[PDB]
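Taking it in order: structure first as structure tokens, then the write-up.
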Amino acid sequence: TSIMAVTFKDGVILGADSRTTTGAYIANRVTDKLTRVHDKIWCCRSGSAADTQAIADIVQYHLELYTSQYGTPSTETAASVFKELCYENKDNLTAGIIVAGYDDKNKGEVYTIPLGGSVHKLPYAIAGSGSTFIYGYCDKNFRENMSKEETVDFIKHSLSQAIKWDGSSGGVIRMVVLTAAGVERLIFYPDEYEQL
Amino acid sequence: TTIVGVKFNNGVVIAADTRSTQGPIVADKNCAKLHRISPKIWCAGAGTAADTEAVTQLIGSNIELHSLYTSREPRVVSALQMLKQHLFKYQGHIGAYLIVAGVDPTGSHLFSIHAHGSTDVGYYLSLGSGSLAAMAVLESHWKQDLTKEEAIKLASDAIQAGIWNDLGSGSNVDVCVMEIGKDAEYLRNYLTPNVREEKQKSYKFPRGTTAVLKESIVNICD
Amino acid sequence: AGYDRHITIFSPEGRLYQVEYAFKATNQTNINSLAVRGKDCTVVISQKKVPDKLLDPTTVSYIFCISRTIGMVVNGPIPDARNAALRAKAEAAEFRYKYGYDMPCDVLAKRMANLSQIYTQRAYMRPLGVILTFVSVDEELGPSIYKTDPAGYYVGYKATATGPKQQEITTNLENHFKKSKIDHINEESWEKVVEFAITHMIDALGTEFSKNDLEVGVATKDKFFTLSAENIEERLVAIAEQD
Amino acid sequence: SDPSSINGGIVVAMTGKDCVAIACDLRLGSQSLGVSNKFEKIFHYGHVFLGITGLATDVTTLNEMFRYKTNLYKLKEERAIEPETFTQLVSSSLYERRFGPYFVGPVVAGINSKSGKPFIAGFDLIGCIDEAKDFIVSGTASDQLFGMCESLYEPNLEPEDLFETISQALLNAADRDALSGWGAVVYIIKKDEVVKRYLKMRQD
Amino acid sequence: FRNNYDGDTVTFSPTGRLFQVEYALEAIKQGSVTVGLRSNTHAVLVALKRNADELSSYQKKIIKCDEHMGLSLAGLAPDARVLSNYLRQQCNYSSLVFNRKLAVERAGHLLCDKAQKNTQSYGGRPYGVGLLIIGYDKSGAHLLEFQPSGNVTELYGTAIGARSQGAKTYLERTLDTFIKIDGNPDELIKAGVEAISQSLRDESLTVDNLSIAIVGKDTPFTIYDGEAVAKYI
Amino acid sequence: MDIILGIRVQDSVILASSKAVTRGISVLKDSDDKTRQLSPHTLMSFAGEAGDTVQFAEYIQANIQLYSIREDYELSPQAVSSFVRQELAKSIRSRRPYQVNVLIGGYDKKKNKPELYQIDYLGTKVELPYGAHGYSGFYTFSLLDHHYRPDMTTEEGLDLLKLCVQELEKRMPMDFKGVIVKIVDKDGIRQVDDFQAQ
Amino acid sequence: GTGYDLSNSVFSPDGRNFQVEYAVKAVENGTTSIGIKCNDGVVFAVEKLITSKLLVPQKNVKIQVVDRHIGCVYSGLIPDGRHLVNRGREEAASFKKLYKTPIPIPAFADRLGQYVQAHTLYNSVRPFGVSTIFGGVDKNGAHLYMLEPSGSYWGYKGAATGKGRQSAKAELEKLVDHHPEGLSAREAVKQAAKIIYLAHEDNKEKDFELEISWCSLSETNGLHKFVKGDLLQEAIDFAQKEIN
Amino acid sequence: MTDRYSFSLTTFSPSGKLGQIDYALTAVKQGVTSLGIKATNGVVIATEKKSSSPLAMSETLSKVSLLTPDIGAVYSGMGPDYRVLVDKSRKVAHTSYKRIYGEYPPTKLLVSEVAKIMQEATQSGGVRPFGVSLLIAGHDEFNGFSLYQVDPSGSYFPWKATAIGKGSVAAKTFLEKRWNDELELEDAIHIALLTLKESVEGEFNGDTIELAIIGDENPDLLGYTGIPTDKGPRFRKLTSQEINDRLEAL
Amino acid sequence: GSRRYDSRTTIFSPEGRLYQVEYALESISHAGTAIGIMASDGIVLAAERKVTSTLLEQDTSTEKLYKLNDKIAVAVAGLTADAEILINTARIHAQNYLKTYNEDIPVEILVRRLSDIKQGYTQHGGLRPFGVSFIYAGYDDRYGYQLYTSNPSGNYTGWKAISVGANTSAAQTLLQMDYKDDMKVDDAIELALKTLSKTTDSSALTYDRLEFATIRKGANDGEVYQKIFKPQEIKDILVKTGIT
């Protein structure tokens with residue numbers, strides 16, 4: 001798996017590959033790893049599919065109940081609920097979640113939650129097995145306040161490299177754009193991104 | 001075991017082989033692997049046979065009670081959510097692997113479920129020991145906007161790949177077709193390409209062959 | 001000849017007085033509400049009354065957003081109303097988590113009616129002194145109005161009304177649906193369905209309304225929302241330029 | 001090591017024309033040591049017959065369980081349990097102990113009293129129902145029994161012929177297994193009557 | 001009225017009263033008098049102990065809670081034992097976990113809350129005892145009055161028990177004098193004994209009748225009985 | 001392990017049980033009675049894990065005595081054996097199982113028949129003309145297969161036990177220090193006090 | 001018949017819960033306390049009846065803080081108020097533990113509401129003998145609330161309860177009319193001192209002590225803080241000048 | 001909190017009466033009339049749908065409920081009590097029977113479970129009895145067609161035909177005139193409509209009357225094909241139109 | 001709290017009687033009479049259905065005579081629903097015994113157990129007692145044919161012939177008159193019917209208002225047989241004895 005989320009001028013973009021393997025066999029080549037927990041709060045999932053699916057569903061439940069009582073939750077609050085579940089059940093979970101969201105006040109935000117259940121607010125985040133190969137690339141190429149098109153290009157170039165080298169990554173590059181305008185689903189096929 | 005699911009333009013089909021094994025021995029040459037959750041939601045299971053049957057009837061029972069309580073046709077996402085949360089609770093110890101397919105008021109659906117509680121969604125899926133043989137056929141012939149007839153053909157061909165190439169699969173092909181408008185049609189033994197040939201000899205013994213020590217009538221009545 | 005009127009056990013006549021007295025509590029607030037179904041929407045109107053000048057008017061509400069799709073208006077005291085509201089929200093969220101789809105209006109109503117039936121049969125729980133009117137645009141049943149009471153009774157409505165002057169609203173609406181021959185307000189936009197509701201509340205109650213005298217909740221496909229005072233004012237201007 | 005191998009034993013059931021047979025060996029051992037040659041593994045509740053191979057204590061415990069449960073069934077239903085229904089009871093009872101199971105291989109045989117239809121079934125130790133029209137096999141010589149049944153069997157056999165077939169399936173299978181044998185008993189079951197026959201076999 | 005609303009602590013009267021709490025308050029009035037007072041350096045408890053016979057001992061009314069805190073009781077002694085035990089544990093918990101001597105103000109809040117739970121739940125009863133807590137913590141000398149209604153009050157001086165109003169009026173007059181008694185323990189005890197004697201009527205303060213306690217700047221909570229209090233009669 | 005033998009003859013059940021109690025490198029006792037009377041006509045012998053063996057036997061004894069008082073009636077040997085089997089079967093799936101093997105010799109006064117039951121620690125019950133637990137069976141069963149007859153007198157039974165004990169004393173590695181022998185018949189339970197040199 | 005006012009959860013024939021109404025009598029008997037919503041915060045004040053010279057001045061604090069941003073004051077049975085605030089604090093901690101953000105005042109108000117309402121549902125508990133005035137500052141502004149023994153609560157511009165509630169409300173209503181554009185925190189503090197003094201004519205027989213707290217975005221950084229020292233005297237002087 | 005009512009609210013009076021059961025039966029008497037009639041090849045259960053308002057949609061409230069594919073229930077008395085009894089009855093048919101034996105319970109045994117639930121609300125701590133009498137009609141393979149009444153006490157009785165609620169005394173008398181052991185299902189529907197028409201004051205049509213049968217298997221209602229043994233439910237609720245057909249030739 | 005509404009079902013009267021047991025016994029005296037009679041070669045159980053109808057399905061009905069075991073049955077007088085609760089537990093107890101000892105449960109042991117359950121509801125729990133009286137008819141190989149009775153107190157006793165329900169005083173006099181120790185089942189069948197016929201509150205004693213059972217040695221077998229009479233068989237035996 002190769003996943004990332006990048007803040008930019010207008011908000012935030014989540015990116016992911018679509019490959020899930022059991023050993024060397026690709027059990028799913030069109031997986032959707034970009035998961036909605038609220039209107040404009042989404043997450044990228046890595047680790048045990050069972051675990052991250054269960055986590056995300058519980059988080060989505062909490063934020064639905066939060067909204068009913070107290071109105072729209074902040075991205076921080078969503079990250080806090082992920083953290084609470086991951087940290088308190090660290091012995092029985094293998095989950096690496098990136099939480100990304102947009103609200104009008106704070107703009108775009110990215111919180112990464114590694115294996116232990118710690119939380120780290122970052123300008124951008126990368127995770128999944130494929131991410132190791134793009135630490136160098138991303139650190140030399142990321143800039144703050146990029147445009148939507150620049151950010152889409154940064155994610156597309158980054159994940160294409162992660163996919164190129166990581167066997168556990170592949171398929172299509174999915175993105176989810178989060179801004180004041182709303183939510184936009186993007187998808188990029190092998191014939192485009194391999195050529196980069 | 002080989003099981004597949006294939007979406008088509010107005011519904012979904014699932015299929016399975018009919019071989020049941022205990023290690024390398026064949027117990028049942030015509031096991032029925034297509035289970036019913038509700039009338040229009042069907043299930044094909046692999047892994048620990050007792051677990052697939054148990055978990056399919058439990059959720060089937062709760063889905064019936066839910067349908068009666070809500071006065072609504074059961075949905076495939078409900079079967080999916082209940083199955084996965086049950087399986088996740090038991091951390092893979094319930095060794096059920098399922099392809100669940102069906103139709104309901106929200107449309108037609110096709111999902112896979114694994115023992116630890118993860119789920120996938122797709123237009124074509126396969127599971128079991130014949131998973132890879134079947135998936136090779138699906139990847140070679142699947143296209144979008146399939147007809148009912150093309151889907152049954154494709155799914156049936158995929159099960160055959162398992163039957164012929166996978167030792168864990170064999171015998172017949174069971175199919176069930178679920179179309180948006182109509183009733184689901186369960187096609188038990190849709191194909192029978194493994195009829196055992198007539199034996200060379202009859203082993204009916206002459207009477208008296210077996211030595212008997214003692215004989216008595218058993219009382220059933222009271 | 002005494003304690004059968006204090007807890008929920010049968011009187012010699014087979015009655016439950018604590019249930020009957022809980023119905024009485026529903027009218028304590030002296031507020032009337034009504035609900036009507038549109039072509040593809042559902043509208044609830046409730047009177048808003050702010051006696052004390054020291055109150056923040058924006059906090060005085062008997063309409064609740066239970067879920068993204070369901071709304072609930074309560075006739076009865078606010079503490080019990082919010083008790084029912086909080087429970088319904090929790091129930092709505094749990095349903096979606098366990099069963100994978102949004103709790104339907106009628107199913108939530110049945111559930112809350114079942115809970116109410118329990119207080120009617122178990123001694124240690126009192127009935128809530130409230131009548132809950134749930135509304136939505138159900139993905140299967142369309143525009144929906146379902147109402148529950150302290151007896152644990154519930155049913156669907158073409159339209160309904162609740163409060164001290166319930167009967168005046170009810171007969172007014174009955175007479176309209178006899179003339180129009182249909183079981184809903186034949187109008188494409190929800191704004192005109194809100195205007196219908198307010199207009200028929202004015203006729204039935206024989207009283208005019210300002211923008212602060214009303215609360216309005218609207219349900220449409222995939223959302224329930226409440227109107228602001230200014231949204232209502234726009235609506236009250238429309239009815240005046242025609243009356 | 002294996003709780004299903006400590007005591008030894010086999011059971012086999014076959015369907016015929018308007019009849020069913022079920023047979024078992026009589027051995028009860030502890031590893032190499034043969035202990036009892038009178039250990040019958042077939043029981044019956046009304047007209048439904050249940051064979052049980054595997055760990056002997058569980059064989060006994062399950063017999064007592066199903067007697068207990070079928071007795072209550074008869075009192076409430078005011079009728080004897082039928083084979084199809086009993087098969088579901090056995091299944092659900094076994095699966096109830098999914099993570100601490102009875103180490104057994106049960107086998108149901110009988111004729112439905114209403115339809116007259118011959119019925120057999122087998123189970124794994126956690127209640128997965130093997131339903132077969134021809135035959136069911138269980139125990140330490142199950143490989144051998146599958147071989148013998150697959151070879152010897154044909155459909156629509158008369159009671160007198162089914163007896164010869166099932167007996168010879170059990171005998172020749174038992175003699176290729178150290179932990180099976182030491183006597184055998186065969187139930188021939190028809191709608192009206194049931195005949196029990198003890199077989200003469202090798203005692204080694 | 002009253003008759004119908006005094007059966008249990010869970011019932012308000014039509015005027016909003018809690019009669020079971022009020023009856024528990026009455027047990028304190030029947031209890032023997034005890035006085036508390038303080039300056040800026042010390043805090044003193046003085047108690048009039050009661051006996052059953054001339055053959056019996058005098059019921060001790062002062063209980064040490066920690067090295068820097070303690071209290072005197074009037075009413076049901078078994079209830080004082082329970083409440084003093086709780087206070088001993090809370091003082092102890094503060095030391096073990098936080099290495100911190102419990103503030104007398106926080107000790108008051110804890111007693112209030114423990115008494116309150118008995119006044120709102122069914123089946124229980126209020127505590128039938130009143131307590132005067134003295135102590136010296138990080139903000140100096142303190143005296144508290146605890147009533148089983150849950151109300152706790154920080155005072156310069158006070159009294160509880162039968163005829164306690166006499167001592168209370170004395171202290172209310174003497175206020176400006178005894179509050180200035182800094183760095184002199186004996187003189188504060190004198191003022192406490194002159195106060196407790198204001199509530200006398202039946203008898204005089206004898207050697208096994210009087211009980212005194214003191215806590216302060218360089219003084220751990222210490223109880224004086226018998227010949228140790230002979231110099232104050 | 002400890003020697004536990006049983007034999008049902010015409011009119012009685014005879015139980016023979018070794019006298020040794022050994023822990024590690026030392027024989028602690030050479031006169032141990034590995035038996036409890038459960039009722040006037042029912043005797044149980046036992047062998048297995050150190051503490052479990054007596055604790056189980058006494059617990060069973062207490063229960064059968066309780067039954068006898070409540071009902072003013074002695075349970076049949078068959079009923080007692082079934083109760084014992086059920087208790088053992090419970091313990092095998094419990095936290096810490098009773099590791100005890102037993103023989104139950106009884107005289108059924110209703111049937112006027114002696115009865116011997118062999119039950120192992122798993123709850124494996126079986127009714128036999130003769131029985132052994134542990135390794136002792138590996139010698140005695142074949143010996144008894146040869147010489148046993150069902151119509152034997154009590155005295156012929158005792159001679160047959162002597163033959164079993166002599167074979168064990170010859171071929172078993174352990175010194176089990178002889179046996180205590182008890183006879184169960186219509187008149188109750190008695191001990192053969194002079195088996196050491198009979 | 002009769003006897004409907006003996007148990008808590010019981011409806012009278014006219015739909016009332018007499019035990020809650022009797023709890024109100026306990027509140028009406030209590031000391032007067034108020035709340036004043038200003039244009040970026042809230043102010044709380046309370047009357048402390050000085051029974052005797054023996055009460056240490058400035059100790060016996062009645063206003064309580066919840067989390068770091070909420071103030072609570074109440075009239076009636078003081079222990080019941082503390083119990084309620086203890087619950088509030090447990091409840092605010094829980095919210096912060098899960099959601100990270102400090103509990104919003106509306107969210108907090110309902111937490112107290114649901115808890116107080118729960119004590120009108122069963123006969124094995126008695127209702128709370130307090131009306132609680134509380135509030136503070138959150139993500140979107142200042143909030144003032146009053147919570148009755150029934151569990152009923154609303155948002156307020158100004159709130160009053162206790163013995164002198166009619167006097168206070170009358171003064172509160174004059175401020176709402178004469179300062180429509182909004183009052184400041186500085187002003188509200190002085191104005192609160194005035195109202196407690198004017199309300200004290202109901203308890204004029206005995207002496208009293210004034211206590212004030214405030215939570216304001218510009219004056220306290222959105223934290224609850226007590227008013228002490230020169231600012232407290234300035235408010236007392238203002239009230240004494242206004243009384244004459 | 002805590003249900004501290006751990007004692008019975010139904011007790012014996014000096015005369016031996018169990019007051020709350022009597023009072024529950026009195027509540028049933030005030031309830032709308034319902035009836036059941038057993039034929040040779042089916043059973044019919046019927047009742048009046050008395051709407052509480054013309055603005056209400058009486059289609060959304062069913063007084064006649066499916067419990068299993070071959071078992072249906074109707075009542076007289078308090079509706080909310082009935083609704084929760086149906087929920088519990090449906091569930092207990094699974095947990096206590098179908099999940100054990102893999103088939104639906106026979107009528108007598110499902111009735112027995114419902115009766116047990118009602119008996120317990122007569123003896124358990126802190127509850128009142130159920131204020132309803134149920135009529136349960138059903139079929140199973142070995143018992144054929146059956147009709148049962150269940151009362152607030154938990155008592156139940158098998159009937160050839162009966163009525164309960166408001167005008168049950170008159171209705172029973174009328175059924176005794178018309179019932180025999182050779183009735184066909186359609187004859188029973190007819191007797192049921194005639195009987196029910198004496199109880200209804202106002203409009204008597206397919207919208208105001210509710211009626212269901214236990215009869216032949218309905219393969220068109222099963223929802224799938226392929227399994228010969230599964231032939232569909234025996235319970236069927238008649239439509240508004242189907243009732244009107246039989247009223248025009250009444 | 002709750003204390004107010006508690007009837008206190010398990011207390012003594014000043015006379016040392018248990019109120020609820022007495023009032024339950026009063027309830028049972030209105031129930032249809034049930035009679036048990038033991039012969040040398042079997043036991044008869046006869047019972048009267050009180051309140052019937054033409055439409056009551058007798059073929060399917062079973063309100064008084066219940067099977068506990070293949071060797072034990074009971075006749076019921078009182079609340080049927082209450083009886084069925086007790087019936088079911090007795091059936092489980094018999095099966096537990098059988099599973100434990102591999103022998104059918106002796107009759108007294110079953111009766112003692114069931115009567116101990118009744119006694120419990122009498123001494124603790126605060127619940128009403130079961131309004132039931134049982135006649136037990138059974139056979140075992142220790143005491144042969146046995147007849148027992150239990151009532152709501154939990155007291156049980158053994159009998160040669162006995163009645164429960166209504167008119168037991170009259171019925172017991174009639175039985176004591178015409179009973180003798182060397183009777184035969186067929187003579188007992190007649191005695192039981194005659195006795196019911198004289199004590200009935202109805203006009204006549206017809207087949208549709210009766211339940212009837214025998215526990216006989218089966219005539220030709222060697223072991224016990226439980227016969228529960230079908231409506232036609234009761235109609236026949238009613239003619240033989242001379243009551244058409």
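Residue numbering restarts at 1 for every chain of the structure tokens, chains are lettered A, B, ... in their displayed order, and ligands are numbered from 1 as they appear.
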task: Based on DSSP run over this structure's backbone, return all residues of stretch 6-236 of chain G in alpha helix (DSSP H), as JSON, numbers by chain.
output: {"G": [18, 19, 20, 21, 22, 23, 24, 25, 26, 27, 28, 29, 78, 79, 80, 81, 82, 83, 84, 85, 86, 87, 88, 89, 90, 91, 92, 93, 94, 95, 96, 97, 98, 99, 105, 106, 107, 108, 109, 110, 111, 112, 113, 114, 115, 116, 117, 118, 165, 166, 167, 168, 169, 170, 171, 172, 173, 174, 175, 176, 177, 178, 185, 186, 187, 188, 189, 190, 191, 192, 193, 194, 195, 196, 197, 198, 199, 229, 230, 231, 232, 233, 234, 235, 236]}
query: Near chain D, which residues of chain H fall within 9 Å when you count only C-alpha atoms, and what do they look like as a PyMOL selection string?
result: chain H and resi 99-103+106+108-109+142
Could you save the residues just selected, with N, CA and C atoms, as a PDB file, in the first residue's frame?
```pdb
ATOM      1  N   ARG H  99     -33.194 -22.113  15.251  1.00  0.00           N
ATOM      2  CA  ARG H  99     -31.742 -22.202  15.363  1.00  0.00           C
ATOM      3  C   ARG H  99     -31.270 -23.533  15.958  1.00  0.00           C
ATOM      4  N   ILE H 100     -32.189 -24.297  16.538  1.00  0.00           N
ATOM      5  CA  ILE H 100     -31.866 -25.608  17.086  1.00  0.00           C
ATOM      6  C   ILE H 100     -32.201 -26.714  16.089  1.00  0.00           C
ATOM      7  N   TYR H 101     -33.425 -26.694  15.564  1.00  0.00           N
ATOM      8  CA  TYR H 101     -33.941 -27.782  14.722  1.00  0.00           C
ATOM      9  C   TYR H 101     -33.940 -27.481  13.228  1.00  0.00           C
ATOM     10  N   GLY H 102     -33.655 -26.241  12.842  1.00  0.00           N
ATOM     11  CA  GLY H 102     -33.581 -25.878  11.422  1.00  0.00           C
ATOM     12  C   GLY H 102     -34.914 -25.847  10.691  1.00  0.00           C
ATOM     13  N   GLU H 103     -36.010 -25.810  11.449  1.00  0.00           N
ATOM     14  CA  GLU H 103     -37.356 -25.665  10.895  1.00  0.00           C
ATOM     15  C   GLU H 103     -38.178 -24.793  11.841  1.00  0.00           C
ATOM     16  N   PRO H 106     -43.963 -25.785  15.447  1.00  0.00           N
ATOM     17  CA  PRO H 106     -45.381 -26.024  15.222  1.00  0.00           C
ATOM     18  C   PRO H 106     -46.195 -25.024  16.031  1.00  0.00           C
ATOM     19  N   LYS H 108     -48.740 -25.076  18.198  1.00  0.00           N
ATOM     20  CA  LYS H 108     -48.921 -25.305  19.634  1.00  0.00           C
ATOM     21  C   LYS H 108     -47.705 -24.895  20.470  1.00  0.00           C
ATOM     22  N   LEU H 109     -46.504 -25.146  19.951  1.00  0.00           N
ATOM     23  CA  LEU H 109     -45.274 -24.838  20.682  1.00  0.00           C
ATOM     24  C   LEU H 109     -44.910 -23.355  20.640  1.00  0.00           C
ATOM     25  N   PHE H 142     -47.353 -32.115  10.929  1.00  0.00           N
ATOM     26  CA  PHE H 142     -47.857 -33.245  11.716  1.00  0.00           C
ATOM     27  C   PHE H 142     -49.143 -32.963  12.500  1.00  0.00           C
TER      28      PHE H 142
END
```
message: I need the chain E residues near chain I as a PyMOL selection string; criterion: at most 10 Å, counting only C-alpha atoms.
response: chain E and resi 8+10-11+121-123
task: Using atom CA of residue H:160 and atom CA of residue H:195 as the two end points, give the distance in Å to one decimal.
output: 14.8 Å
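When the distance limit is 6 Å and only C-alpha atoms are what count, the residues near residue G:213, minus those fewer than 2 positions from it on the same chain, are residues 43, 44, 225, 226 and 227 of chain G.
Look at residue B:208: the protein and nucleic acid residues within 12 Å of it, using only C-alpha atoms and passing over chain neighbours fewer than 3 places away, are residues 204, 205, 211 and 212 of chain B; 160, 161, 163, 164, 165, 167, 168 and 199 of chain D.
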- request: Pick out the residues sitting within 9 Å of stretch 126-135 of chain E, and hand them over as JSON, numbers by chain; count only C-alpha atoms, and ignore anything fewer than 5 positions along from it in its own chain.
  value: {"E": [9, 20, 21, 23, 24, 25, 26, 27, 28, 31, 34, 35, 36, 37, 38, 42, 43, 44, 45, 68, 69, 70, 71, 72, 73, 74, 75, 76, 77, 78, 79, 80, 83, 103, 104, 107, 108, 115, 116, 117, 118, 119, 140, 141, 142, 143, 144, 145, 146, 147, 148, 149, 158, 159, 160, 161, 214, 215, 216, 221]}
- request: Could you please tell me, as a PyMOL selection string, which residues of chain B have an atom within 9 Å of chain D when using only C-alpha atoms?
  value: chain B and resi 20+25-31+48-51+53-54+93+199+202-221
How would the residues just picked look written out with C-alpha atoms as a tab-separated table (two decimals), in the first residue's frame?
```tsv
chain	number	residue	atom	x	y	z
B	20	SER	CA	-16.46	-31.42	-0.28
B	25	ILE	CA	-10.35	-37.60	0.51
B	26	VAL	CA	-13.69	-36.64	-1.09
B	27	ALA	CA	-16.57	-36.86	1.42
B	28	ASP	CA	-19.42	-35.46	-0.68
B	29	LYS	CA	-19.30	-35.44	-4.48
B	30	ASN	CA	-22.40	-33.22	-4.68
B	31	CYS	CA	-22.25	-30.81	-1.72
B	48	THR	CA	-14.05	-24.09	7.56
B	49	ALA	CA	-17.31	-25.58	6.26
B	50	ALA	CA	-19.09	-25.58	9.63
B	51	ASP	CA	-18.30	-21.87	10.12
B	53	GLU	CA	-22.85	-22.67	7.25
B	54	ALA	CA	-23.25	-21.49	10.86
B	93	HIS	CA	-11.19	-17.93	14.61
B	199	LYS	CA	-18.27	-49.92	-13.56
B	202	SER	CA	-21.09	-55.67	-10.05
B	203	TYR	CA	-20.05	-56.43	-6.47
B	204	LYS	CA	-23.45	-57.60	-5.24
B	205	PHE	CA	-22.56	-60.70	-3.21
B	206	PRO	CA	-24.44	-64.01	-3.05
B	207	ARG	CA	-26.57	-64.17	0.10
B	208	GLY	CA	-24.94	-66.00	3.03
B	209	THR	CA	-21.47	-64.65	2.15
B	210	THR	CA	-21.21	-62.87	5.52
B	211	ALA	CA	-20.90	-65.04	8.65
B	212	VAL	CA	-23.35	-64.10	11.43
B	213	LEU	CA	-23.04	-65.00	15.12
B	214	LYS	CA	-26.29	-63.72	16.61
B	215	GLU	CA	-29.51	-62.17	15.28
B	216	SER	CA	-32.43	-60.33	16.91
B	217	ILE	CA	-35.39	-58.00	16.30
B	218	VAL	CA	-35.09	-54.43	17.62
B	219	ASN	CA	-38.02	-52.77	19.41
B	220	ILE	CA	-38.90	-49.22	18.26
B	221	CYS	CA	-42.54	-49.01	19.46
```
How close does chain E get to chain G? List, as CSV, each residue of chain E within 7 Å, its nearest atom pair and the distance in Å to one decimal, counting only C-alpha atoms.
```
residue,atom,partner,partner_atom,distance
E:5,CA,G:6,CA,7.0
E:10,CA,G:126,CA,4.9
E:11,CA,G:126,CA,6.3
E:12,CA,G:22,CA,6.1
E:13,CA,G:22,CA,6.6
E:14,CA,G:22,CA,5.3
E:15,CA,G:25,CA,5.7
E:16,CA,G:26,CA,4.5
E:17,CA,G:26,CA,6.8
E:112,CA,G:79,CA,6.6
E:113,CA,G:83,CA,6.7
E:116,CA,G:79,CA,5.9
E:120,CA,G:126,CA,5.6
E:121,CA,G:125,CA,5.1
E:122,CA,G:124,CA,5.1
E:150,CA,G:79,CA,5.5
E:151,CA,G:79,CA,6.5
E:153,CA,G:60,CA,6.4
E:154,CA,G:60,CA,6.2
E:155,CA,G:55,CA,4.5
E:156,CA,G:54,CA,5.2
E:157,CA,G:54,CA,5.9
E:172,CA,G:54,CA,6.2
```
Contacts of residue H:124 within 8 Å, only C-alpha atoms, excl. fewer than 4 positions in-chain, as an NGL selection string: (:H and (6-8 or 120)) or (:I and (127))
Pull the closest atom pair for each residue of chain H that gets at most 7 Å from chain C, along with the distance in Å to one decimal, counting only C-alpha atoms, ordering rows by chain and then ascending residue number, as a tab-separated table.
```
residue	atom	partner	partner_atom	distance
H:3	CA	C:124	CA	5.7
H:5	CA	C:124	CA	6.7
H:20	CA	C:10	CA	6.1
H:23	CA	C:14	CA	4.7
H:24	CA	C:14	CA	5.6
H:26	CA	C:14	CA	5.4
H:27	CA	C:14	CA	4.4
H:55	CA	C:158	CA	5.6
H:56	CA	C:157	CA	4.4
H:57	CA	C:157	CA	5.4
H:60	CA	C:156	CA	5.8
H:61	CA	C:155	CA	6.1
H:80	CA	C:152	CA	5.5
H:81	CA	C:117	CA	6.9
H:84	CA	C:114	CA	6.8
H:126	CA	C:123	CA	5.4
H:127	CA	C:122	CA	4.7
H:128	CA	C:9	CA	5.5
```
Long-range neighbours of residue C:95 as a PyMOL selection string, 10 Å cut-off, only C-alpha atoms, 5 positions minimum in chain: (chain A and resi 61) or (chain C and resi 89-90+100-104+107-108)
task: Could you check how far atom CA of residue C:93 sits from atom CA of residue G:97, in Å to one decimal?
output: 20.8 Å
